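Report on the structure
Read off the chains here:
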Number of protein chains: 2
Amino acid sequence: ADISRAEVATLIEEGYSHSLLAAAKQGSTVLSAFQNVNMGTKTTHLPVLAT
Amino acid sequence: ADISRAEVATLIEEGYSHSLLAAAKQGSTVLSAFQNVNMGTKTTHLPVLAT
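Chain A appears in the PDB entry as Major capsid protein from Mycobacterium phage Adephagia.

Now the structure itself:
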């Protein structure tokens, strides 16, 4: 007869590590490339020179 | 049985922005390339060597 690894049960604990549990978040490209314009309503008009 | 956006009509105001209504004006090239001579009268004579 013997002592197997399965004969010792939860005297053998399993560990945990968060060393692989991170990812950098990536923002919107267009929100950093261009001016953000605040709005107060669904539709904003912008006049532009045309001739 | 509900209020759509088109059921509220002009209780919704449309907005305006001038953030797109600007342009730098471009000067004359010949007035920056060459000497600007201050004239007091319509005609100035300049003699030049010719032979």
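From this point, things continue past the structure.
A common way to state how big an interface is: give the accessible area lost once the parts meet. Taken residue by residue, the interface counts 11 residues in chain B and 11 residues in chain A. Between chain B and chain A, the buried area comes to about 950 Å², and carbon and sulfur atoms account for 62% of it. There are 0 salt bridges connecting chain B and chain A. Where chain B meets chain A, there are 5 residue pairs in polar contact. A breakdown of the residues in the side of chain B that touches chain A according to their chemical character gives 4 nonpolar, 4 polar and 3 charged. Looking at chain direction, strand β1 (residues 44-45) of chain A and strand β1 (residues 15-16) of chain B are connected through 2 bridges and run parallel. The partner of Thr44(A) across the bridge, within β1(B), is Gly15(B).

Definitions and limits used
Residues numbered from 1 in each chain as written, not as in the entry; some residues may be left out. Chains lettered and ligands numbered in written order. Part of a larger assembly, values for the part shown. Heavy atoms only, no water. Contact = heavy atoms within 4.5 Å. Buried area = accessible area lost by both parts, 1.4 Å probe. Salt bridge = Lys/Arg side-chain N within 4 Å of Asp/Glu carboxyl O. Polar contact = N/O pair within 3.5 Å; in protein donor to acceptor, adjacent residues only side chain to side chain. Nonpolar A, V, L, I, M, F, W, Y, C, P; charged D, E, K, R; others polar. Pairing = 2+ DSSP bridges. Helix = DSSP H or I, 4+ residues; strand = E, 2+ residues; numbered from the N terminus.

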